[PDB]
């Protein structure tokens, strides 16, 4: 453990990205050489905070805050007000270095990922909790940063549900995977960010947004707990017909689900909308739901029971599946548009992503069953060092190194380290919840 953790730690320090001589983040994969992704930095940030290296996190938060658009945007191909970029890079071409933000303006899909701004709020809270000082968050520029994020997420456009309406590929999954609408990942991160925002926002001068947050929280909590929850009992209720959503039983694979679900198993659905229930299991959403207390205690234990009982499906030989099961055949053709990268059990389409192990650890510790994550650590340890920390794995059991997976993927390294740290010291959950 010590030897592998030290090898991982040495890799992590090499990934540090510098701006004006200061550390401002970590690169996605050490070998662009000057690029930092917000979602990727989370695992790095948390490790650095645990080791008392808070300055890099402060610098990241300060610089990313400056990249946030402050004003309403009415022109096409420009980022929405209050959003946080997916990534930034240090441009040193001109004599003076500066940061260049990417909001997806020239990405294959011209969509600004929503998860980045929500992670940004959680990292701000992590920083002030680690520092035992809310001073940074209380600075007017940071109060504004938080408010703008909450405003864009809270504000109803056409959809009036308490959930956040988004286009497809608007989070960690950034290609077409049928996660348009109300995908779990973003609902859970929205809920988590709402909690953090409420904890950091000064009410004076923020009355309207603080009020809206206070009303949205319990509503969204109840909404997700009621309408997203899948267990054997829910399947029976859908089958036997009032309700908020009309969900028709013919649209779901209910005999396959009944067979898959253990008696005391259950999970939060991938998506819920009018005439729409995505019964895929999504790992990030389900694990963060446990960590954020979004799932009830009973729901949290049902998720753990599912993971334990269907270990081979959900973990296999590499923790863990981003989602389950794979979209296949006609479903694959319709939902992904025959995306060749997301063939069954590859990449986003039920590929295996080592980074998720830190959330598995956090959730397992939170649920009082740390041995679940210990089992996953043992498996990951056996391959990640050998394979030099790949970005992801492919196949039904995650046996194959990802076809386009980068080596020395930083959130694989940090995710592994973070998992080990959360096991040693459960009290560190306070950083992320």
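Numbering follows the first chain given and starts at 1.
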{"property": "Interval residue 241-residue 242, deposited residues with no coordinates in the entry (none, 1 to 3, 4 to 9, 10 or more)", "result": "4 to 9"}
{"property": "Residues of the deposited sequence left unbuilt between residue 32 and residue 31", "result": "4 to 9"}
{"property": "Of 243-251 and 95-103, the one with larger mean CA B-factor", "result": "95-103"}
{"property": "Higher-B stretch (mean Cα B-factor, as the entry records it), 297-305 or 134-142", "result": "134-142"}
{"property": "Residue with highest C-alpha B-factor in the PDB entry, from 202, 122, 114, 289", "result": "202"}
{"property": "Criterion, highest CA B-factor; candidates, 231, 278, 185, 211", "result": "211"}
{"property": "Entry-reported Cα temperature factor of residue 328, expressed as the chain third it lands in", "result": "middle"}
{"property": "CA B-factor placement of residue 384, once the chain's modelled residues are sorted into thirds", "result": "lowest"}
{"property": "Among modelled residues of the same chain, the CA temperature factor third for residue 403", "result": "highest"}
{"property": "CA B-factor ranking of residue 317, expressed as a third of its chain", "result": "middle"}
{"property": "CA B-factor placement of residue 393, once the chain's modelled residues are sorted into thirds", "result": "lowest"}
